[PDB]
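The next block holds one structure in the form of structure tokens; read it before the comments.
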Amino acid sequence: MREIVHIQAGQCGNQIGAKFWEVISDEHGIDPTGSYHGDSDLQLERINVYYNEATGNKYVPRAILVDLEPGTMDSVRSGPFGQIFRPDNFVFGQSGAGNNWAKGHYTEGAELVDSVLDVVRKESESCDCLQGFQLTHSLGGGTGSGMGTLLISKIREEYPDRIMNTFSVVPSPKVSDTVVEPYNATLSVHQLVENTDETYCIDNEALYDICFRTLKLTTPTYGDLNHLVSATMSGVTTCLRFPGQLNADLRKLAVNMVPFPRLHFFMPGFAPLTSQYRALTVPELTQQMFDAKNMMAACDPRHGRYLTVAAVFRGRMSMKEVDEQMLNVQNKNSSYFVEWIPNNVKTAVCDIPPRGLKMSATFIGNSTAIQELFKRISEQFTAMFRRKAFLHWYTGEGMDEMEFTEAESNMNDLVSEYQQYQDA
Amino acid sequence: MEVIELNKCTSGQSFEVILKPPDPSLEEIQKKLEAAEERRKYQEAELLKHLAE
Amino acid sequence: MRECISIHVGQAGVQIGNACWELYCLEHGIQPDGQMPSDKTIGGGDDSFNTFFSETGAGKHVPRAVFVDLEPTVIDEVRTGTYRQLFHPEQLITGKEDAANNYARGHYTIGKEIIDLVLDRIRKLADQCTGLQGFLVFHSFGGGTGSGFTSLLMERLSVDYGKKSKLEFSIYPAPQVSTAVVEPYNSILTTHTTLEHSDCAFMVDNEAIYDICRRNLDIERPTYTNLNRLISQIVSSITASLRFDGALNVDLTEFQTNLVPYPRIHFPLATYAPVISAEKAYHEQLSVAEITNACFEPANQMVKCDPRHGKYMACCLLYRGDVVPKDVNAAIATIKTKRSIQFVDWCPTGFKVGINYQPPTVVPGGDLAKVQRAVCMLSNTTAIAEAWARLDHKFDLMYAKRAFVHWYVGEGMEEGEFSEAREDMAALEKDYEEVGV
Amino acid sequence: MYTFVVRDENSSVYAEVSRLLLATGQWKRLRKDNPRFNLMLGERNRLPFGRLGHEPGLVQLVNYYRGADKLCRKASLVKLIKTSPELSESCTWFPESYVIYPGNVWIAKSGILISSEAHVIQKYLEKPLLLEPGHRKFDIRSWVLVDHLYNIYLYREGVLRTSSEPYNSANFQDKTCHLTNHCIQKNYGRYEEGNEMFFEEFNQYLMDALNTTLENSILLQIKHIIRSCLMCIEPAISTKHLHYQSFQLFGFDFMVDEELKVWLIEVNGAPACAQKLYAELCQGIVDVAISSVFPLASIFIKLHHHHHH
Ligand SMILES: Nc1nc2c(ncn2[C@@H]2O[C@H](COP(=O)(O)OP(=O)(O)OP(=O)(O)O)[C@@H](O)[C@H]2O)c(=O)[nH]1
Ligand SMILES: Nc1ncnc2c1ncn2[C@@H]1O[C@H](COP(=O)(O)OP(=O)(O)CP(=O)(O)O)[C@@H](O)[C@H]1O
Ligand SMILES: Nc1nc2c(ncn2[C@@H]2O[C@H](COP(=O)(O)OP(=O)(O)O)[C@@H](O)[C@H]2O)c(=O)[nH]1
Ligand SMILES: CCOc1ccc(-c2cn(C)nc2-c2cc(OC)c(OC)c(OC)c2)cc1
Ligand SMILES: [Ca+2]
Ligand SMILES: [Ca+2]
Ligand SMILES: [Mg+2]
Ligand SMILES: [Mg+2]
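From first to last, the protein sequence lines are chains B, E, A and F. The first sequence maps to residues 1 to 275, 280 to 428 in PDB author numbering. The second sequence maps to residues 6 to 27, 44 to 74 in PDB author numbering. Under PDB author numbering, the third sequence has 3 at position 3, and the numbering climbs by one with no breaks. The fourth sequence maps to residues 1 to 102, 144 to 151, 159 to 166, 180 to 247, 252 to 362, 373 to 384 in PDB author numbering.
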């Protein structure tokens, strides 16, 4: 099991996805046209996880670009690393999704979904041993939310035994396109609970506050929000992309991180937070990555308990001092880690650091506090839904009010389920 | 303390010293390997039924 | 002589195999290609070392070994390594997809597809044997392949080869070395299913090996290479009597007889001294009495427990190097007056000694220093029940919540096998306590 | 900031040690089933010694010595004295005891039977020392703290658990004069408070009445018996070179006969302190047994004696 197939859905999906590929191509020494111009053999030793090798020794990403309008995917092609993606893997409709789940899932997206899966199959067929799939998308809009969750269901039908990861940008009024986002998010969450093994909850509320408060950016763009995401995305995928001895796959992570199948909603963190000259000591990275300020999902981890943690330190450092520091926060704050899962924090180290920093730390937490994020969207949903506000946009595409009442209830059970183990 | 059964050779030697005196079949296996394949195949069928709905 | 087949399951078994056979080669003077100058009977013979190696007409000496991992990366390093020529490629067996730290995925799902292949390749080695003794099985308790496939193999070996002995070399899981969360499940599940099919089982807690490497070899953060090279010296002590001319533990039946009176209680404690650093500039070489005395220090055992609180059913000292019977018995008398060596009423309060004059061999550039004399005590003591109590307690915590259980059930297993397997272990802890108190 | 757990609720001594530990700033208590502690203040029955010293990073300590039940169960204490060389069957300070399973006066125990007719049968000290004015029996309780290095620390303050009724040779059935425990009494506190006489007063009585001291007449033999008993079991229980470490507070119960000779009645592994002495003793346990292993930001007398022969 080596190969991962990547899909990126809609505006946000394709935007953060582009940056993920820009970031990791740089770490692997792969230039904008697809040729390798690095130095180490360690850059190429697990390049087959995210790249196909082409004629004339070009490296092309195993990446499929999906949208219901040509806007964003045109910008990706014009953008800095656009010439590397296989042009056949640009699959786009024309009419758009209008920030409407129904359009993405049931009508406009239904028309395009088969043509997307053909390319998925095309990239899968030439995988020595396909391990799984990862999707970048948002739950607030139409395409990424609706069509993204449809593709997830189609991919599961056709490849029911592979791993399905998502990097899912959860919405927020602080960084809002449209009032209907909580509807879209809530319909998507119900899908993700069934059809994904891991879902990385990127919350736009959190990314804003990190950009605003802890980076001193007064007026942050989506660009500033996506820097944080593409750094985090490089961080969690480090151990797949590099050697070694203590090397990794998706399924073992999914197994060890997810004690109950519906509870697979992780809370990312990164340290230090960038947009520097003093390198951080190991005790600082450990303090920072566990800080609520560094979390990408706007939840206070003190309001719940960790079921499992996974931590990935990058850089040349004392593995003695990492162990010692990781054992310090566990032994000094043991009330916030469940007692009934022994040794539930796993640490890995990787010698290659990311562009800019001499040593970093990425944090993956399956905390019960993540219920707060779903409670927030569940409140935003009901304020509107209790007056059937804005439903005409969805019922016009064939949707029923029953489907909304279901998706509401499924997510309120998810919050109950997370609350259950926060007390036990 | 008695040093009994002393045996010697060119590469080594050995002795005892005493301080003080006082399976299921091929059928049964292949059966329940396949019984695990039933429940595996039932779960997958349940899923693809659920996905059809 | 009678032949012996070593089987290495999973990463833990394979990589420990590599450590063992590299050492076995250096001990007998066999080289990376497989030529052994000291062997005069070319293309055959019934020497003591031929119990582990077989011969070909070309003069190559080939392990009686079978490596089995459900994913290729680990066994590929063997195929491309320094001892690549040593093994015939039919002996190195791989899949494309591992058991993902899941006992059920390795036993039931991926096991079923590859079991018949492996047994066939074992039968290829068994039919080069004029009188097979049995099997040395190397694996982890915590891996999915290591725990899962092993128990399926151990069942299918008792069917096909019912008249033979089966010895285990098991790596009990430890949080200091890398660990999955679900390894306490995997350990209990495989111990249950393997219990009736293994005759003698040598457990090695990675926590103990880790600390021995930290304390005595001054290695800050021990690699697997460090851990395995040490484990192989222990393994080599135990198997040397099968590979060399001797009168103690000459077959696999004698390990059972000498160490295992009660058959469910077939988990003897290995204690090994001395472990000394090669970087140590000035070293005062330890006497027979000092190294024998070290076999009753907890800090040198393969499993950390307190033999004082518990009773012995059997003890075996296996010396290596400059040792004579009278220096041993002198040390034994000293040790009897200082330490709480309580035996059970029905067993004799004795020690079956075995000496081999060739001192411990060490890997060039390795961590361990050359020494004049060494020992390995094998003691069936009930104190090792401590290791079960720990593992069962972790098991009970997660299983109380059904945590991670869906992963196992999803590979076709039934949730009842958890509670069934745990109830066997509950019986095993009770079997130890009757004997021990 | 170290961590502890309390798995014996009933322990009045280690209720106070918990209370003294918390109130400092550098010691947070945890839930009883948390594995990540520096200190266990464990249960009496079935203390899981096998689980200790395995959690990586943490140095682990516990308030009990595993195997020290072989000094505190009466039946074992009798076998240890008859079997060991260092305390031989010719042991001049232990009452002549025998074990058959379920001046010729005896006592039985493990209802208390004092007779000649009729668990462990023990020689009854017919002529004990008697305090005046009173004509009354007593026993001495000395508290002893063995630490993680096996230093034996004897607490200077002991106590005389007094009887208040006159002693009687002919009448055995009546338990208020013979048995001098705290619970069987409750003349409950006629001569002294709660039937207790502390070491300053008992010294003064011996000075005035018998023309001697507590230090010379009695305490020299107590110091001998304590040291005799604990050093015998040291190879069996010591946590030197062990993956966890043990301290323990013991309670030795003595009896002084008429010719000023001390006798060993019983050792207690989970002993209750005297109501006045708690604060000072329990403080001392934190100083010597706990803080010596876990340092922060003499009431005891040390019993070491290497006589060269
Ligand atoms: N001593 C030692 N222990 C090892 C080694 N490799 C893995 N382990 C231990 O074994 C357990 C994991 O089992 P592995 O052998 O890696 O698993 P596997 O058999 O490959 O199983 P899958 O990967 O699930 O197919 C952990 O407790 C590891 O610490 C090794 O080379 N030496
Ligand atoms: N051999 C003997 N001679 C005289 N008196 C004796 C004796 N054995 C026991 N006693 C008396 O019996 C009383 C209680 O017996 P003992 O001290 O053996 O048990 P115990 O359990 O009450 C002490 P603790 O509870 O403090 O550990 C004591 O007050 C003691 O004086
Ligand atoms: N972090 C981040 N969020 C975005 C970006 N673009 C849109 N969003 C968020 O995603 C939601 C809108 O989804 P969008 O991707 O525009 O719709 P789609 O193209 O139909 O999937 C809103 O909650 C936006 O705040 C981006 O570049 N970065
Ligand atoms: C709560 C414990 O979580 C764990 C434990 C182990 C593993 C694991 C096992 N293998 C073979 N690989 C991983 C692993 C660990 C990671 O964390 C450092 C990874 O980074 C996210 C990883 O990437 C896929 C694999 C996993 C979780
Ligand atoms: Ca249309
Ligand atoms: Ca030969
Ligand atoms: Mg938009
Ligand atoms: Mg493996």
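The beta carbon of each residue, even a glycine, is placed where N, CA and C say it ideally should be.
Would a check of beta-carbon distances place residue i closer than 8 Å to chain E?
i, result
"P160/B", "yes"
"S153/B", "yes"
"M413/A", "yes"
"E157/B", "yes"
"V9/A", "no"
Consider the Cβ of residue i: report whether some Cβ of chain B lies at a distance smaller than 8 Å.
i, result
"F418/A", "no"
"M320/F", "no"
"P56/F", "yes"
"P175/A", "yes"
"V250/A", "no"
Check the Cβ-Cβ distances between residue i and every residue of chain A, and say whether any is below 8 Å.
i, result
"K52/E", "no"
"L69/E", "no"
"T238/B", "no"
"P300/F", "yes"
"residue 156/F", "Since the model of chain F includes 151 and then 159 but nothing between them, residue 156/F has no atomic positions to report."
"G42/F", "no"
"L246/B", "yes"
Could you tell me whether any Cβ in chain F is nearer than 8 Å to the Cβ of residue i?
i, result
"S322/B", "no"
"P305/B", "no"
"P287/B", "no"
Mind listing the chain F neighbours of residue i? Cutoff is C-beta to C-beta under 7 Å, in chain order.
i, result
"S338/B", "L30, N34 and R36"
"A289/A", "Near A289/A there are no residues of chain F at all, since even the closest Cβ is about 17 Å away, more than 7 Å."
What whole-angstrom Cβ distance do residue i and residue j have, given they're in contact under 8 Å?
i, j, result
"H196/F", "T304/F", "Between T304/F and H196/F the Cβ distance is about 47 Å, and since that is not below 8 Å, they are no contact."
"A97/B", "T143/B", "4 Å"
"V181/F", "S90/F", "19 Å between Cβ atoms; not a contact."
"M293/B", "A365/B", "4 Å"
"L58/F", "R36/F", "6 Å"
So with CB distances below 9 Å, who are the chain A contacts of residue i?
i, result
"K25/E", "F343, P348, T349 and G350"
Is the CB-CB distance between residue i and residue j below 8 Å?
i, j, result
"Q286/F", "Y64/F", "no"
"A387/A", "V260/A", "no"
"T72/B", "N165/B", "no"
"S198/A", "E168/A", "yes"
"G111/A", "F141/A", "no"
Taking residue i as part of the alpha helix (DSSP H), name the residues at either end of that continuous run.
i, result
"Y222/B", "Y222 to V236"
"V66/A", "Note, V66/A: premise wrong, no alpha helix (DSSP H); beta strand (DSSP E) at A65 to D69."
Anything in chain A within Cβ reach of residue i, meaning under 7 Å, just list it in chain order.
i, result
"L87/F", "Per Cβ cutoff of 7 Å: no residues; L87/F is ~16 Å from chain A at best."
Please list, in chain order, the chain B residues whose beta carbon lies closer than 8 Å to that of residue i.
i, result
"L72/E", "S153, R156 and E157"
What in chain B is Cβ-close to residue i, meaning under 7 Å?
i, result
"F404/A", "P259"
Taking residue i as the query, report the chain B residues whose CB atoms sit under 9 Å from its CB, ordered along the chain.
i, result
"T3/F", "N335, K336 and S338"
For a contact defined as C-beta to C-beta under 9 Å, what are the partners of residue i on chain E?
i, result
"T109/A", "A57, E58 and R61"
Within the continuous beta strand (DSSP E) that includes residue i, where are the two ends?
i, result
"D273/F", "Careful: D273/F lies outside any beta strand (DSSP E) and carries neither H nor E."
"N12/E", "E7 to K13"
"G321/A", "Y312 to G321"
For a contact defined as C-beta to C-beta under 7 Å, what are the partners of residue i on chain E?
i, result
"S158/A", "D44"
Note down, in chain order, every chain E residue with its Cβ under 8 Å from the Cβ of residue i.
i, result
"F244/A", "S16 and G17"
Along chain F, in chain order, which residues have C-beta atoms closer than 9 Å to that of residue i?
i, result
"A389/A", "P48, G50 and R51"
Check the Cβ of residue i against every Cβ in chain F and list those closer than 8 Å, keeping chain order.
i, result
"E325/B", "The contacting residues do not exist; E325/B stays about 12 Å from chain F at best."
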